[PDB]
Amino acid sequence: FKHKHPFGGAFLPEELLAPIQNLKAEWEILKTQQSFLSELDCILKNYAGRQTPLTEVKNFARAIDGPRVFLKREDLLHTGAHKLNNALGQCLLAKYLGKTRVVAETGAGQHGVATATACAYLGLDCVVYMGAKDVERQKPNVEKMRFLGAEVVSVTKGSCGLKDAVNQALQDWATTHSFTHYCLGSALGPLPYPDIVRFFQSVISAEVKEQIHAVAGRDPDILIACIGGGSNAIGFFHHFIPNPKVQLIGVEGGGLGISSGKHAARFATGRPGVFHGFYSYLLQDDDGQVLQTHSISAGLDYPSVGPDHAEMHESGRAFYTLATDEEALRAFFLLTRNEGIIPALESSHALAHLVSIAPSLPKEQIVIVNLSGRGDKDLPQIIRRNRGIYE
């Protein structure tokens, strides 16, 4: 492949070079400090509810004509999604580096809630920048973040959106980084954030490795996870990556399909570009302007994807595919009715890919889907669709 840069990097304006260099240097020491690792372990067990179970879903498997199917239940984590693994890790990192404050930005509020949750439990001042248009659209999550003690800054500058909150948050960090940690929600961003987020989500596959060996005595044949920015998938994949007998499938938001142009499938039609400080696959036009995206699920509705997945896409190590809104909606209802597990629309994309390949898999195969979160938050939107019964 022809690339001027390795995937990742730190394509940053000058004012962020010192903060990013400090973090990187500090992180290299911290990730092997046993007291930090031990304390994070204790918090994940006694506060967040790790380890999450691995649920065999025999009714679902039967209904889709599939093989042996297991769900890694990150929906049972405190706050109902895997994002808290990373929020607690980074906010504990902040505390250990002496920061008293954590700053983030948020679009739908899912990352804002996780960060605010970790900051409340750890006793850190938490500040979340949010475009005013998103504040108006997400008053429930705004109220939740405020109840969790976060300061939610409604950004009314510029065009009052995610773009303007990102600018406000980074401007804050450039001023306050000596005492403020900047908490990034996904496996995106300038180095060292892709390494940091991956490190804190790897616990998922460490657990799966123990749990699947306990029930089946061997590694799975297939791992399927959805891909918004890449954090739950890279942590779910991590400890199986060196096993060539384990297939790795990442499923992106396919929206209305590739032909319509309304999707979030970076690997279907995107190509490498530099955006938000890192180099990775990107939905962009001929001039390199970033394209508008669409997905029924707001957690997948991004034009970017983490550089570790870009590496595995071009290396051929992992298969990146997509599911349309309607495949995701159908899988949602299938899992809810057959197992009583209400999955997030994000994870429903992973489920949907399994639904469409299940009849071709030999029945002895073992498939684990990463149930990255619960879908109670998606019920008002799904109820508005007024769907009939799916089979």
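For every residue, the number given is its place in the sequence shown, counted from 1.
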Worksheet item: Where do the C-alpha atoms have the higher mean temperature factor in this entry, in 358-366 or in 327-335?
Response: 358-366
Item to complete: Select between 137-145 and 239-247 the stretch whose C-alpha atoms have the higher average B-factor in the entry.
Response: 137-145
Worksheet item: Highest Cα B-factor in the deposition, which of 319, 278, 200, 129?
Response: 129
Discussion item. Ranking the modelled residues of this chain by C-alpha B-factor as given in the entry, is residue 380 in the lowest, middle or highest third?
Written reply: middle
Worksheet item: When the modelled residues of the chain are sorted by Cα temperature factor, does residue 295 land in the lowest, middle or highest third?
Response: middle
Practice prompt. State the tercile, meaning the lowest, middle or highest third, of residue 106 with respect to the CA B-factors recorded for its chain.
Written response: middle
Worksheet item: Which third of the chain does residue 158 land in by C-alpha B-factor: lowest, middle or highest?
Response: highest
Worksheet item: Lowest, middle or highest third: where is residue 90 by Cα B-factor in its chain?
Response: middle
